[PDB]
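> Heads up: the protein sequence lines correspond to chains A and B, in order.
Numbers 12 to 228, 233 to 347, 365 to 926, 946 to 970, taken from the deposited numbering, label the letters of the first sequence in order.
Numbers 12 to 228, 233 to 347, 365 to 761, 765 to 926, 947 to 970, taken from the deposited numbering, label the letters of the second sequence in order.
Structure provided below as structure tokens; questions to follow.
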Amino acid sequence: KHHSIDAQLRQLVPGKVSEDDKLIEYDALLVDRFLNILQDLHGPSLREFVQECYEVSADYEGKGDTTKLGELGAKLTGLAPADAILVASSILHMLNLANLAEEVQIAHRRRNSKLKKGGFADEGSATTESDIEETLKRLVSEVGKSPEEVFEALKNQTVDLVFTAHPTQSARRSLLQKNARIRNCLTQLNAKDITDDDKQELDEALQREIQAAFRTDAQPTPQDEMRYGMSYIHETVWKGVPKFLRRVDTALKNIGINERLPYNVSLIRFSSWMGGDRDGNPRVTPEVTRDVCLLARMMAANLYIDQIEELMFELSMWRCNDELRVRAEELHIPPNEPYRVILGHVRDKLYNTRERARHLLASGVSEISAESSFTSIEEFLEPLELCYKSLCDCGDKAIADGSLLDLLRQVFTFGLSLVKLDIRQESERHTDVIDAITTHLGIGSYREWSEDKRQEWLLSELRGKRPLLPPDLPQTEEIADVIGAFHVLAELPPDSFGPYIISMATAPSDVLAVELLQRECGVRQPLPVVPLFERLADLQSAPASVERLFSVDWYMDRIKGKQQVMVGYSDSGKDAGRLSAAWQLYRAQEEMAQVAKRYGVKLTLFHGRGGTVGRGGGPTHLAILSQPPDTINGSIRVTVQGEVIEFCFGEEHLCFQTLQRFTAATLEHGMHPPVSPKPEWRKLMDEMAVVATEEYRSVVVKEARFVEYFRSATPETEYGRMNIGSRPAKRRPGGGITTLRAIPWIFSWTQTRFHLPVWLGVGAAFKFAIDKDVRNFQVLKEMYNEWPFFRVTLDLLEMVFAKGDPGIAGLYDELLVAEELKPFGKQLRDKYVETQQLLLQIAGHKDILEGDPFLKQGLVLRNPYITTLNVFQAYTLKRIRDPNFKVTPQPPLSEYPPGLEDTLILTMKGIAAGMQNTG
Amino acid sequence: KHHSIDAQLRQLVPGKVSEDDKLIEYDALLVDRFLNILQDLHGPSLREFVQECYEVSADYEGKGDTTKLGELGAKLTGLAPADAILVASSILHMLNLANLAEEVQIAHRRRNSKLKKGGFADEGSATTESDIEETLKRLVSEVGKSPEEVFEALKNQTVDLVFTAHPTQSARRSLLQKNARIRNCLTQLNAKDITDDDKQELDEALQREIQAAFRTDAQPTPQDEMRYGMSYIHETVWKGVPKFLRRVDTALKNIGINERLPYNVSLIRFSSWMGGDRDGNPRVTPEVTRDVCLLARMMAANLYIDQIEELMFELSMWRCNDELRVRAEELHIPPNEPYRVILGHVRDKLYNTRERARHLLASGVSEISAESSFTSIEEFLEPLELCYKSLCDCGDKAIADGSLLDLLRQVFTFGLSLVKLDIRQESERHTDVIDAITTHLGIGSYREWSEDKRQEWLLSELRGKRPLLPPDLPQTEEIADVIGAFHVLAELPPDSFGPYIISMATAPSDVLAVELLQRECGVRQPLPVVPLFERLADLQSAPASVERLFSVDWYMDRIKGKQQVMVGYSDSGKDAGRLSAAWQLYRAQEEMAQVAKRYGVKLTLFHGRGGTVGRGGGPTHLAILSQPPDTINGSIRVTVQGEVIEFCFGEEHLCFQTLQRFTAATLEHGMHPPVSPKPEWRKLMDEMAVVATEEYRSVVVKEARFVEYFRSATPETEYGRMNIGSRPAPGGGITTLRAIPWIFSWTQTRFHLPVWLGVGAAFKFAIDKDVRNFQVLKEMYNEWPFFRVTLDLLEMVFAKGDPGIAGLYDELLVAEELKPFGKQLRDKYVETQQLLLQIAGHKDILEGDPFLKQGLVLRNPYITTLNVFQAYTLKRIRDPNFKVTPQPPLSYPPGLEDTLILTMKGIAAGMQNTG
């Protein structure tokens with residue numbers, strides 16, 4: 012009940028990483044108060060049990076000795092069911108608090124330019140990266156671009172951030188606000204010259220908010240999961256984008272541009288997969304898609320109604336131009369406040385816009401006319417731009433450039449739906465539909481046809497003028513879902529959507545199949561069709577596939593010089609290992625850009641989950657700068673993984689830094705590409721890729737006992753049976769691991785702190801390269817320090833190794849895998865150790881993350897809570913799986948068998964929360 | 012276009028009054044940016060004209076030479092009409108900006124205990140006064156009371172602040188928010204370790220907000240006037256009351272009490288006169304009163320709906336006690369969120385309460401049932417206290433003591449109507465009604481009867497059981513308004529009202545007559561009747577009046593041991609001068625408390641306009657402490673003058689300090705009374721009061737041409753015919772003129788005759804009567820809080836005065852025959868000031884409070900400019916022969952009316968409270 016937890020933290024990180032480093036102080040302040048709440052509510056004994064768990068696990072990091080973990084697991088398994096949930100949830104809440112303190116520290120850390128050493132490596136951490144104006148200054152003076160060149164590059168830039176559902180955590184809006192109050196109490200408490208009484212009251216508030224978070228807690236609807244994905248837009252991003260665009264104005268002033276970024280520049284846009292991605296996800300029906308589109312339009316309408324009402328209060332002026340005065344008279365509270373009369377009308381039409389969507393959502397029908405509401409972005413902006421012009425014509429541009437300019441930038445960023453919905457479906461599901469059509473019409477089986485025959489037939493249909501899809505067509509459930517989805521797209525406004533993405537795209541016929549289905553189902557404004565090239569072979573042939581499409585007269589007419597392609601890191605890494613996937617992805621990008629340049633097509637890349645781009649914080653800055661030259665040119669899409677969305681957008685300043693990161697990195701790359709690889713580097717990457725793929729497949733594909741080990745050393749099977757992914761874990765009820773999807777592949781191996789999908793293959797490749805020529809070792813480290821692609825790739829592996837622990841993995845082994853396969857597990861752990869130390873010698877580090885002590889400190893302070901949940905998980909699995917393993921039921925301390952399922956969910960949630968992004 | 016305005020301000024106050032004194036820097040930041048905006052929109056010529064006006068006036072303060080101002084006035088009268096409005100409004104906006112920086116400066120001044128010298132004098136300024144915690148610690152350790160004594164005193168304490176309309180200024184809610192953004196930009200701009208880009212953008216923001224205030228322009236309804244008066248409640252007081260009560264909890268903990276102040280303690284309450292006061296105000300009809308009552312209930316429902324919705328977001332818990340779980344089940365969005373289920377129902381009934389009020393306001397009728405809404409504070413409280421007890425029963429009292437405790441404290445502070453409405457009406461209007469009743473019934477003329485006969489008749493009616501008021505009584509417009517008003521009181525919920533105040537109350541029959549009318553018009557829960565004793569003769573007989581009332585069996589049964597009495601400072605001062613009024617008020621207070629103690633009645637005093645109690649900032653703290661011993665005992669009502677409401681409640685921290693002030697001073701007085709006056713002090717006050725009254729009446733009553741001087745030397749008649757006071761100012768002496776115009780007109784000219792006239796005859800007489808007396812007057816100033824606060828008010832008003840400006844009005848507007856009379860009055864001014872400083876032991880005005888001195892003088896460049904503009908504008912308004920050479924442009948007869956109202960608004964804004 013008495014001692015603080017900070018002694019254990021100082022053992023982990025002796026020493027401050029900066030002068031204003033207070034992370035351990037903050038962690039102690041929050042956790043000590045939590046434990047006191049725990050004791051007040053549940054008695055001293057369990058408080059001391061919980062703190063002893065934390066102390067044991069903290070000791071383990073300093074002295075990697077498994078037996079003390081086994082001690083702890085013995086104690087944990089003996090707890091009564093109620094106590095087990097209570098201790099697991101307590102450890103979870105402490106991890107949350109520690110993450111909140113980590114957020115506060117990042118947000119308020121003073122930038123210290125003495126940490127910069129120059130060059131691209133500075134851009135890999137928030138402690139050293141360039142802000143937007145530093146980037147603007149560099150482009151002008153070091154690279155030699157003119158201010159007007161930079162200004163027009165920005166005018167043509169667009170970064171599209173795509174939200175995807177969080178696999179394990181909901182993110183209720185009311186919880187995001189508890190988080191904020193805890194963060195606010197924390198910063199205010201540690202203010203400069205704070206009063207005794209202020210500090211006393213802030214302390215009581217902090218204790219109050221921690222308790223409130225501790226005393227609050233079936234899968235959610237896809238509708239609900241979408242509502243929860245939009246919380247971060249309501250809490251930071253809505254207000255955040257005007258604030259960042261204003262900083263871009265300030266930066267432009269400070270390089271000599273004497274005008275603001277025009278308010279119609281969509282510098283940042285936001286998209287969503289929630290309700291649109293149905294790849295292997297049959298709960299995402301056509302109706303779900305129609306719903307999330309209407310839900311988004313209600314959310315937008317209410318956000319705008321609030322902004323407009325705040326603006327009405329402010330714009331009390333009476334001086335206006337003639338166009339506004341005539342319109343204000345026509346709408347006829366007081367007539368001598370014309371800006372309020374216009375905006376009052378806009379609010380009226382926004383209210384109708386909202387109610388119309390609400391009615392369509394409930395009944396499917398609305399007697400509120402589309403005339404009385406806003407149907408297009410253009411008719412929404414007409415009165416707003418009239419207010420802006422009027423203020424400017426009267427010499428009040430300074431007033432206009434305040435809240436009204438914020439609103440206009442919000443309209444051009446968010447539109448009438450906040451986010452544009454991406455649609456995604458698997459290519460073979462489209463083939464199924466087309467085969468159904470061809471057989472029913474009696475012209476054969478489209479599935480049996482070769483790729484060239486498919487293209488020939490599709491093109492004759494696309495070029496012909498006679499319809500194809502009979503309403504009579506006999507339909508499976510899956511075929512009816514595909515057709516029904518297209519029918520929904522045809523019925524909804526085109527501005528609700530972005531692209532239609534084809535999972536597992538392999539050839540041009542996959543793209544033109546969707547183009548034909550779109551048209552024959554009546555989508556009169558078709559969606560851009562985006563192939564997702566997942567396997568290594570598909571990436572290798574992607575430039576050929578894109579060239580064939582660009583060589584077809586019909587398709588060039590359709591796309592109007594714009595094509596989007598999606599690439600997946602976790603996807604391709606599951607096929608051949610991360611190193612080989614990384615290198616083929618680089619080559620595919622540079623050759624696809626070459627194809628696009630020859631054919632006059634502007635090619636935009638969409639970066640899927642598990643990438644270097646899309647990491648939390650600074651690493652994304654360098655990752656974008658590291659992409660092949662001339663592959664961005666002001667247009668890029670990046671998924672915002674649910675695992676990092678809290679750190680990227682949960683807090684005002686973190687949101688700002690994220691928007692600035694993507695904007696600055698994208699802008700600089702277009703005018704300042706990284707160095708082109710020299711032939712020695714390409715040859716080495718080529719040779720290492722062969723070795724890495726071979727050894728990855730040697731463990732993953734060609735070893736007969738791999739799946740049996742995987743199902744024992746990981747909690748996969750439980751993850752699937754509990755539907756923690758709200759999605760089937762596999763496409764076929766059998767198959768190899770090739771049928772398993774990426775999310776479960778990465779999830780299961782990071783739960784055990786082993787992370788095999790991220791690093792396997794790298795060890796074989798590094799040792800092969802060094803051993804075949806004495807020179808190769810020096811050229812590898814030269815690559816690490818001069819080639820951003822290689823640097824960024826390896827830094828990802830370093831971060832994952834900091835999150836890994838072979839001892840914990842071996843703990844899962846000893847209790848869950850059969851004797852026969854335990855030597856296989858230690859073989860894998862041998863591969864782990866050899867990859868890590870080879871990784872360290874390249875890059876020239878003696879310790880993991882020696883180049884980023886800030887990240888090292890932040891990661892290390894999470895592990896006491898994580899490792900505790902690790903041993904709780906491993907022992908919970910053994911109880912779940914073995915009726916004969918005996919436990920000593922200890923007396924209380926104030946599906947599956949009792950409590951075990953709840954405990955396991957809690958460990959899964961907590962470990963995922965602590966591990967965030969891996970591969 | 013070029014140089015900053017801070018040079019001219021340094022000239023008036025060179026030195027810093029504290030380490031963190033940045034007031035001149037702030038004034039310069041705001042005004043330099045304003046002047047650049049002025050130039051950007053209207054050209055350099057006009058900007059440089061406006062700045063030249065400022066510097067001329069700023070130079071005049073340092074070198075009191077009238078020639079300066081005359082040449083400025085020549086320039087001002089030359090302006091074309093559009094330029095004149097534009098220059099006067101510019102000067103006004105700059106004064107507003109200077110006031111905003113003064114607000115920022117007071118709000119964020121770091122407390123410095125080394126300034127304290129111990130004793131009651133520390134409580135006269137915010138820089139030295141005791142917080143609530145230092146007050147509790149002093150009561151325990153310096154006075155020697157126990158912590159549980161102090162805790163019990165707080166539980167029984169009620170301070171009620173009464174809002175009254177602002178005579179000249181709107182206070183729109185959108186303006187208060189522009190003010191807030193300017194202040195916020197100011198403080199954020201001067202935060203430490205601010206980044207260059209943050210500073211750049213904040214600067215742009217501050218420029219943008221100043222411009223927005225500059226490009227925002233019939234008198235208002237009494238209804239609109241009321242919702243403008245409620246804006247301060249929406250902006251700071253609503254959130255401020257729970258903040259302060261939480262500080263009271265912290266203070267209690269730090270003296271040994273380990274429980275919070277119970278949430279049902281009404282430590283602070285709020286009242287309004289807006290729509291209730293109809294004294295000499297024929298608009299303010301019965302329906303006006305009905306309207307502002309329903310408007311208040313709508314505003315309350317809106318505020319509660321917002322608080323409840325934020326609370327629902329927070330209270331996600333699922334563990335509750337049995338009582339709540341049962342009622343949550345009966346209300347059946366998700367059922368595992370019981371606290372949200374209950375609060376959702378509360379919100380529904382609040383929505384109904386609002387809509388019902390809106391319907392009653394528009395049509396007079398509502399199909400929305402009273403059952404589906406909240407009609408009493410008790411049924412509103414029932415589900416909220418259920419939530420509180422449920423959270424406590426589950427070991428979550430810590431969560432309950434957060435936002436939910438804030439909400440319960442708001443309910444017990446504001447009720448369902450935010451404020452309670454005071455009704456006020458003159459006593460002769462009630463006599464008119466009763467004389468119409470007695471003549472119509474053939475009983476005779478109630479007006480002709482002596483006071484004894486009136487009481488005899490009224491008491492036989494109130495004791496009788498037969499009704500009196502015939503429904504076919506012939507009614508004049510005035511009589512119908514009185515009866516109609518009472519009829520509205522009978523129709524509205526009792527908790528909408530506070531007391532019925534009788535202006536010009538003279539005798540018990542005034543109080544008893546209202547009790548009879550109230551009953552005869554059907555008010556079934558009568559309002560407490562409080563007399564307002566205004567003339568000094570009425571204050572001297574006030575104790576006999578309340579003793580006669582307390583000796584009547586019927587009235588004792590009605591009041592149930594509680595009586596409220598109202599006293600007026602500006603009212604009594606207009607009768608016989610401020611010094612005699614102050615001393616008569618003191619004796620009346622101690623004599624009424626003595627009567628009250630003898631009859632077992634709890635006497636609550638209500639302090640009206642123009643007092644020491646009710647000044648802005650620290651002086652109110654000492655003023656309350658200076659009240660006669662045993663006249664508060666935890667119960668006091670104070671007027672919040674509209675002149676000081678911005679400085680008291682406009683900003684978060686100022687609101688906090690205001691509530692803390694009234695609470696701490698009231699609490700302490702009940703357990704630490706001031707010294708009792710020594711017999712020598714009483715005898716000296718008695719003799720000075722005679723001399724002061726006779727000197728005041730010799731100028732105001734007994735000099736035949738005083739009204740002619742008054743109507744020329746001040747803008748009184750223009751203030752009347754423009755109805756700047758929203759109220760009549765029939766034709767008699769000066770005795771028929773109301774108090775607000777009497778103070779307003781003399782404050783515009785910077786002369787302030789009503790506040791000081793008489794004081795110097797009294798001081799001169801006392802000193803010259805006996806050589807011991809000067810020493811005694813100095814000891815009274817250092818040892819008698821009553822005398823100290825009385826003279827500190829005079830000192831503050833002299834700081835705001837300037838005889839040169841008053842002489843400038845004279846020279847321009849007074850006939851040659853009366854100019855020597857004005858010179859005699861300015862002689863009386865200079866003599867009173869000099870004698871005042873001698874007794875206070877000061878070489879200069881406000882030498883005892885350099886913080887107040889600095890704040891006042893930095894306003895004078897803007898005020899003085901408008902003074903010059905005003906004086907010359909009036910002579911143009913009054914004289915067709917006065918010639919002006921029209922200057923070419925720089926961008947009543949034309950423009951003169953609008954410039955005059957602009958000067959009146961600006962001067963009043965800068966002068967705030969005087970007498």
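Beta carbons: idealized from backbone N, C-alpha and C, even for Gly.
(1) Buried or exposed: which applies to B:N273, given that a residue is buried once 16 or more other Cβ atoms fall within 10 Å of its Cβ?
(2) Taking Cβ-Cβ distances below 8 Å as the criterion, which residues of the region 310-343 of chain A are in contact with chain B?
(3) Considering only residues of the same chain and omitting the five flanking positions on each side of B:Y587, which have a CB-CB separation below 6 Å?
(4) Name the one or two DSSP bridge partners that A:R284 has.
(5) Going by C-alpha distance, which of A:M105, A:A112, A:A69 and A:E66 is nearest A:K33?
(6) Looking at the unbroken beta strand (DSSP E) that takes in A:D454, where does it start and where does it end?
(7) Counting only runs that start and end within the region 453-526 of chain A, where is the alpha helix (DSSP H) found for 4 or more residues in a row?
(8) Leaving out five residues on either side along the sequence, give the residues of the same chain with a beta carbon under 6 Å from the beta carbon of B:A517.
(9) Between B:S124 and chain A, is any beta-carbon pair separated by less than 8 Å?
(10) Taking the alpha carbon of A:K918 as the point to measure from, which residue in A:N902, A:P651 and A:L847 has its own alpha carbon closest?
(11) At 8 Å on the CB atoms, spell out the chain A contacts of B:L52, in chain order.
(12) Which residues, in chain order, does the region 443-463 of chain B contribute to contact with chain A at a C-beta distance below 8 Å?
(13) With B:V561 as the anchor, note down where its beta strand (DSSP E) starts and where it stops.
(14) Please state whether the Cβ-Cβ distance between B:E683 and B:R194 is less than 8 Å.
(15) Please list, in chain order, the residues of the region 679-697 of chain B that have any C-beta partner in chain A closer than 7 Å.
(16) What does a CB cutoff of less than 7 Å around B:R121 pick up in its chain, not counting 5 residues either side in sequence?
(17) Interface residues of chain A around B:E145 at Cβ under 9 Å?
(18) Indicate the three-state DSSP secondary structure (helix, strand or coil) for A:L637 in the structure shown.
(19) DSSP state of A:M598, grouped into three classes?
(20) Let me know the secondary structure DSSP gives A:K254 once reduced to three states.
(21) Cβ of A:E114 within 8 Å of Cβ of A:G650?
(22) Mapping the DSSP letters down to three states, classify A:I668 as helix, strand or coil.
(23) In chain order, what residues of the same chain have a beta carbon less than 7 Å from the beta carbon of B:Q50, not counting five sequence neighbours either side?
Here's the rundown:
(1) exposed
(2) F328, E329, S331, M332, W333 and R334
(3) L581
(4) A:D171
(5) A:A112
(6) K452 to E458
(7) 459-473, 483-495 and 509-523
(8) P301
(9) no
(10) A:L847
(11) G427
(12) none
(13) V561 to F565
(14) yes
(15) none
(16) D31
(17) In chain order: nothing, as chain A lies at least about 11 Å away.
(18) strand
(19) strand
(20) helix
(21) no
(22) strand
(23) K12 and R58
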